[PDB]
Amino acid sequence: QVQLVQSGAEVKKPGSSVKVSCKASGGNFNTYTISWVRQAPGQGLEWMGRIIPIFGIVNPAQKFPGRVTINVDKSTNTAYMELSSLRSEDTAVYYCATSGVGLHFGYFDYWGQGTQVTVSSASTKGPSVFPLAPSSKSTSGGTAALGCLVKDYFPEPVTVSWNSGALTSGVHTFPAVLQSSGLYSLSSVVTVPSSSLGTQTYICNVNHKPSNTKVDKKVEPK
Amino acid sequence: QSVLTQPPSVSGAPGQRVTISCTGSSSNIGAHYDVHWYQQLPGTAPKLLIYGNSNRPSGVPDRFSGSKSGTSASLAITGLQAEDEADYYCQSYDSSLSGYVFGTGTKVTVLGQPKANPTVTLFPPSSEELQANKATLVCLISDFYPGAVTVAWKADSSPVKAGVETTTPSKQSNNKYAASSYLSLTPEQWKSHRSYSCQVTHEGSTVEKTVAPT
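Counting of residues restarts from 1 for each chain and follows the sequence as written, so the numbers need not equal those of the entry; residues with no coordinates are not shown. Throughout, the order in which chains and ligands are written sets their labels, letters from A for the former and numbers from 1 for the latter. The side-chain figures draw on all heavy atoms in the structure; neither hydrogens nor water molecules are used.

Caption draft 1: Up close: the overall build of chain A. Numbered from the N terminus, helices here are DSSP runs of H or I no shorter than four residues, and strands are runs of E no shorter than two. Within chain A one finds zero helices and 20 strands. What you see for chain A is a C-alpha radius of gyration of 23 Å, clearly larger than the 17 Å of a compact globule of 222 residues, by over 25%. Oriented by its inertia axes, the alpha-carbon framework of chain A measures out at about 70 × 35 × 30 Å. The classification of residues rests on relative accessible area computed with a 1.4 Å probe and restricted to protein chains. Under 20% of the type maximum is buried, over 50% is exposed, and intermediate values are partly exposed. In chain A, buried positions account for 50% of the 222 residues. Contacts spanning at least 24 positions in sequence make up 59% of the contacts within chain A whose residues lie at least 6 apart. Counting every atom, chain A has about 9,900 Å² of accessible surface; 50% of that belongs to carbon and sulfur. Two residue types count as positive, namely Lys and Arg, and two as negative, namely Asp and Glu; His and chain ends fall outside the count. For this purpose, a charge sits on NZ of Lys, CZ of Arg, CG of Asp or CD of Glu. For chain A, the separation between the mean place of its 18 positive charges and that of its 11 negative charges on side chains is 4 Å. This radius of gyration counts C-alpha atoms alone. The globule rule is 2.2 Å times how many residues there are, raised to the power 0.38. Whether two residues are in contact is decided by their heavy atoms, any of which lying within 4.5 Å being enough. The Shrake-Rupley method, run with a 1.4 Å probe, gives the accessible areas here. Residue values count only the displayed protein chains as cover.

Structure follows, in structure tokens:
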């Protein structure tokens, strides 16, 4: 009955603020009660506050005083949440959700797709890329694994393709570790035929849009 | 907020019946406030699953059912399907904090695939990384099921814990799991020892790989 569309992922320093939007399509958004709920990585659900646009009234949650500001633009049919004085613990996916029309605390029957918000004192950094070279150590029968190590970048995400997208079979790109230094790393492996080692060229293509850097690294045997 | 208590994990094979408990107190469940459930498929937003303790919104399968009793609520899935593998949260209202209270979350696993033993590949630091005055050991664990592994690292068969970073397992494009472990070292630490080992334990089995600076 309602389509909720949230704005894009956001990357911020401590102390700055972030505004997220939730655009409704269908139903009668200006009659509904709108909440914001956040989910920290690997954690549960946390209510930020609600707005009732019928009365122009906003009920923020006790944990966020002055920090949270909720907002509807009744013309463009768009809800907003602004969280200020960001800290790293504010890192979460933020959801727009509708409860029904009313002042009660109803269930959330409709939910936007979520907005990733990352708060970190880290600054944008492209990765260093190192070959994980194949050898007997990575060979077992008909298959050999080789890879690329994508080191110390910020922020997420990074994409890796092999031979410019030509090679997809046998490829796993792992999720990133987050280091104490605030920087990310991941690996990408491709399992290839053992006989192709040394006569087939393999190049990993790392693309880090947030830092505008692309890296092509050829990965060779011993 | 996360004040209703649920078990962290629930497991079943397809066709099995499972239940998830939602445990609250007198200021919520409790004070006769309704309980609702949300389903969160991996990578997606929560969707309403049960509302008003027991009602199903349109297009939620018959499998799912809810009840509440005294201070607890319960979600039942009678006939697990592969696609039921997700996180489930109960929610309600707490008059002692005057707001929404959520459950801690339950991960249900649908054991619908036979055990798969892990493939383990260990890479030593590249000389290129050494020229950069860094050194990183890379241990990649592939194609295992179910999705729990432990990784231990050793230098000369003696344990290390500092310098270790490990990703939680996640599915591959063949529905088995992969995971990775990294051991950070200085080039000097690296050149000291005789060998380094990555040790992977999965369902009572261990696979150990080794690399040497020589």
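Caption draft 2: Just the layout of surface pockets, in detail. Of the volumes computed, that of the second largest pocket is approximately 540 Å³. Space inside and on the surface of the protein is sampled on a 1 Å grid over the protein atoms alone, with a cavity defined as a set of points where a 1.4 Å probe fits but cannot get out and a pocket as an open set with protein on both sides within 12 Å along at least 5 of 7 lines; lining residues have an atom within 4 Å of a point. As for the second largest pocket, its lining consists of 24 residues, of which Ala-145 and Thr-191 of chain A together with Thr-119, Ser-142 and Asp-143 of chain B are closest to the centre. At the level of secondary structure, the elements contributing two or more residues to the lining of the second largest pocket comprise β13 (139-140), β14 (143-153), β16 (171-173) and β18 (184-193) of chain A together with β10 (119-123) and β11 (135-144) of chain B. Classes in brief: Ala, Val, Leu, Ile, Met, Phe, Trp, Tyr, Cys and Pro nonpolar; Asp, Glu, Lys and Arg charged; the others, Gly included, polar. Of the residues that constitute the lining of the second largest pocket, the class distribution is seven nonpolar, 14 polar and three charged. Grid points are joined across faces, edges and corners, and a volume is the space filled by probe spheres set on the points.

Caption draft 3: Focus on the environment of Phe-102 of chain B. Relative to the elements of secondary structure, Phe-102 of chain B occurs in strand β8 (residues 99-102). Between the C-alpha atom of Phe-102 of chain B and that of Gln-1 of chain B, which follows or precedes it by 101 residues, the distance is 5.5 Å.

Caption draft 4: Summary view of the interface of chain A and chain B. With 40 residues of chain A at the interface, the matching set in chain B holds 40 residues. Salt-bridge detection follows one rule: a side-chain nitrogen of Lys or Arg within 4 Å of a carboxyl oxygen of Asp or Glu. Inspection of the region where chain A meets chain B yields two salt bridges. With its nearest N and O atoms 3.3 Å apart, the salt bridge here joins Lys-151 of chain A to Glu-129 of chain B. At the level of secondary structure, the elements contributing two or more residues to the side of chain A that touches chain B comprise β4 (33-39), β5 (45-52), β9 (92-99), β12 (128-132), β14, β17 (177-178) and β18 of chain A. Per element, the largest residue contribution to the side of chain A that touches chain B is four residues, and it comes from β14 of chain A. The class makeup of the residues in the side of chain A that touches chain B is 22 nonpolar, 13 polar and five charged.

Caption draft 5: Layout of the domain arrangement of chain A. All names here are of chain A. How far each domain reaches was decided by an automatic or database domain assignment. One can read the domain layout of chain A as domain 1 (1-121) and domain 2 (122-222). Each of domain 1 and domain 2 has a C-alpha centre, and these two points are 37 Å apart. At the junction of the two partners, domain 1 supplies five residues and domain 2 supplies five residues. Reported buried area values correspond to the accessible surface (1.4 Å probe) lost by two parts on association, with both partners' losses combined. A combined buried area of about 360 Å² lies between domain 1 and domain 2, and 53% of that area is made up of carbon and sulfur atoms. Per-residue buried area on domain 1 facing domain 2 is highest for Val-11, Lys-13 and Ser-120; these three make up 71% of the total on that side. Connecting domain 1 to domain 2 are zero salt bridges. Under this definition, polar contacts are N or O atom pairs within 3.5 Å; protein pairs additionally need one hydrogen-donor-capable and one acceptor-capable atom, and for neighbouring residues in sequence, both atoms have to be side-chain atoms. Scanning the region where domain 1 abuts domain 2 turns up three residue pairs in polar contact. Of the residues assigned to the side of domain 1 that touches domain 2, the class counts are one nonpolar, three polar and one charged.

Caption draft 6: Structural context of the sheet that holds strand β15 (residues 159-162) of chain A. Residues and elements named next belong to chain A. Between any two strands, at least two bridges found by DSSP are needed for them to pair. Pairing within the open sheet is antiparallel, and its three strands lie in the order β15-β19-β20. Among the strands making up the open sheet, the edge pair consists of β15 and β20 (213-218). Neighbour to neighbour, the strand axes of the sheet diverge by 20° on average, direction disregarded. Note that strand β19 (residues 203-208) and β20 share six bridges and pair antiparallel. If you follow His-208 over to β20, its bridge partner there is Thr-213. Axis definition: a line fitted to C-alpha atoms, over the contacting stretch in the case of helices. Angles run 0 to 180 degrees between N-to-C directions.

Caption draft 7: Spotlight on the pattern of salt bridges. Residues and elements named next belong to chain A. This structure, assessed with the given rule, holds twelve salt bridges over all chains. Between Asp-90 and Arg-38 there is a salt bridge; the shortest N-O distance is 2.9 Å. Of this pair, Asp-90 sits in the loop between β8 (78-83) and β9 while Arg-38 sits in strand β4; the two residues are 52 residues apart in sequence, bridging distant segments of the chain. Considered together, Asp-90 and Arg-38 belong to a single accessibility category, that of buried residues. Salt bridges sharing partners connect three or more residues here, namely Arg-38, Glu-46, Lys-63, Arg-67 and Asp-90.

Caption draft 8: Inspection of the packing of aromatic side chains at higher detail. Working definition: a ring pair exists when centres of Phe, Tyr or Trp rings (six-membered ring for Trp) sit within 6.5 Å. Plane angles under 30 degrees give stacked, over 60 give edge-to-face, the rest tilted. Applying the stated criterion across every chain yields a total of 18 aromatic pairs over all chains. Residues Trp-111 of chain A and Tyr-38 of chain B carry aromatic rings whose centres are separated by 5.5 Å and whose planes lie at 70° to one another, so their mutual orientation is edge-to-face. Taken together, the residues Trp-111 of chain A in strand β10 (residues 110-111) and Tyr-38 of chain B in strand β3 (residues 36-40) connect one chain to another. A relative accessible area of 12% means that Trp-111 of chain A is categorised as buried. Here a set of aromatic residues connected by ring pairs shows up, and it is made of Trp-47, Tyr-95, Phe-105, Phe-108 and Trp-111 of chain A together with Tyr-33, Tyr-38, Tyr-93, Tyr-100 and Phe-102 of chain B. Whether a charge sits over a ring depends on NZ of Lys or CZ of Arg being within 6 Å of the ring centre and within 35 degrees of the ring normal. Seen from the ring of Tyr-80 of chain A, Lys-19 of chain A lies directly overhead, with NZ or CZ sitting 5.2 Å from the centre. Sitting over the ring of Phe-105 of chain A, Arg-50 of chain A keeps its end group 4.0 Å from the ring centre.

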